[PDB]
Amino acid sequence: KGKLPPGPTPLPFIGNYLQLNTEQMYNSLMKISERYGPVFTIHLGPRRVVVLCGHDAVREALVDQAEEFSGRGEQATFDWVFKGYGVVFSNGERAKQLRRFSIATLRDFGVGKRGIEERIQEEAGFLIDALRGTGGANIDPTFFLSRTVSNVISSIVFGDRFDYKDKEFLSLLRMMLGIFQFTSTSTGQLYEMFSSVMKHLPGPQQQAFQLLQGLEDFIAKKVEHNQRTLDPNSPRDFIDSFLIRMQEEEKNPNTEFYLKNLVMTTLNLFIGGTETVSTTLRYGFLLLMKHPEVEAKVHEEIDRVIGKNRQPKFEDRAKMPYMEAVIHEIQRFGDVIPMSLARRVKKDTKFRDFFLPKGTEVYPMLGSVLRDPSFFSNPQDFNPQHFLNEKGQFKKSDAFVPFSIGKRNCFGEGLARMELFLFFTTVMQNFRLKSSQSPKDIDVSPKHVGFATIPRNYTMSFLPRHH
C-alpha cells in the first residue's frame, strides 16, 4: 500500500513528543520499534521521520536504494550555524560539488597517502611526549587526546598544527566538546523537535549557539588571513585550494564556490575531523582499563609485530589482527554517532511496501546495526572476538557501520581509521593504562546519548613500559 511506515499517533506540532524521553531518544525509539517493527514513522515535533532499525532495514535503504536515500536531513543545533551551507548539511548540486572538491582536496593534501601518515606519526610522537610529561600522574585524558587528533585535520585545513599551549586552541576544543555534549543531552534532543520556538528562547541552547559562533568566527578569521597572503600558484592548505577554485569560478554566477561554503565546509571538517575521533579514543582507553586481559593481548601483539623501538606505521595493521579487532570493537561498543546524521528521500520512494514522499527525513539507527543481535553474539558486551574467527584472524562484519554507508557516508573514514590505529597503537606500545579506580568498578555505560554517545568523565595515569 502507498502508505507511510506505521507509528504512534502524533499530536499537532508536538508530534510524538509525549511518547519520547528526550534524555534517551535511542531507547525511546527502540521501544516504539518493539511495537511497530524495524521501520516506523515518528514525529519529532513537526518533523516527520522514518526510523530504520537493524542491519537489514538500514542497509536495504542506504545501500540497496542508495540514490533514493542520499538526501541530507537536518540536525537542528548544527543547522543553526550552517544553514544548509558547507559540505555536511548541504543538499543537491551544492553537496555534490562541495563533496567532490573536499575529497579531492583532502587527497591532494595527503589523505590516504604517505604524507598524512607521516603527519599522524609525528603528532603521535608529540602525544607520547605529553603523556610522559604527566610523570605518570592521574589525569583527565580528554584534552591530551583532542589536541593530538585536532592537529591532524588542522594541519590539512589550516596549513599546520596548533602549539599544545596555545590557549585559543584549547578554547576551540572546549567549544567542540561542548557542542557534542549539548546535542547529546535531553535539551539538545528537545531542540531537535522544537527549534522553531527554542532558538528564540533563553536556555542552554543559546550557550550552545555561541560555541558554534566562536568556531565560525575563528574559521572566518583564518580565511581572511589566508586571503591576504594567498599564492594562487602554491596553496598552503584546504582553505587556499578553495580560495583558488573560488577565484576561478568568479565568473560563474551559479557557482557553489563562494566564501560561505568555504567557511562552513572548513568548519565541517575541523569539527568532524576532531570530536568523533577524540571521543572514540577516550572511550577506547576506558574500555581497555576495564578489560586488562584485552590490553594484555594488545601488548603481546605490539611487542611481537612492532617491538619497542620504531614508530608504529599504518601498514603494521595488516600484521595485527587482534589490535584491528579491538579498534573495531571499540567503535562498535562506543557507537559515537548512534543515529547517524539524518538523510532524506530525494523523491517519492517505495521502500518495503511502504511509501515515503519526497523530502521525508530518515533516521538510520546505526547503534541498532552495531548491536544487531543477529550479527554479534554478545552485542551488549565489549568483546574483540566479535571481530575475529576461531584462528584469531580479523573478521569483517556487514553490521560494522559507525561511519554509516551509502552515497553521503563519511568520507573522513580513511583518515579516521589511520588515526585510530596509529594513536591507539603508539600509546599502547609506550604505556600501560592505570585506572584511578578498580576495573570492576569502572562504569562504561555512557554519560549522555543523543546525537553523540558521550562516555563518563574519568581520570587515569599513563605508566611507561621499560622493565
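Start at 1 and count along the sequence shown; that's the residue number.
- Taking the PDB entry as given, 304-312 carries the higher mean Cα B factor of the two stretches 304-312 and 168-176.
- The mean Cα B-factor in the deposited entry runs higher for 232-240 than for the other of 282-290 and 232-240.
- Across the residues 147, 72, 328, 251, the deposited record lists the maximum Cα B factor for 251.
- When the C-alpha B factors of 347, 200, 332, 99 are read from the deposited coordinates, the top value falls at 347.
- Ranked by Cα temperature factor within the chain, residue 28 sits in the middle third according to the deposited record.
- Among all modelled residues in this chain, the alpha-carbon of residue 43 has a temperature factor (C-alpha) in the lowest third.
- In the PDB entry, a CA B factor belonging to the highest third of its chain's modelled residues is recorded for residue 223.
- Residue-level temperature factors show residue 159 in the highest third of its chain, judged at the C-alpha atom.
- Residue-level temperature factors show residue 433 in the highest third of its chain, judged at the C-alpha atom.
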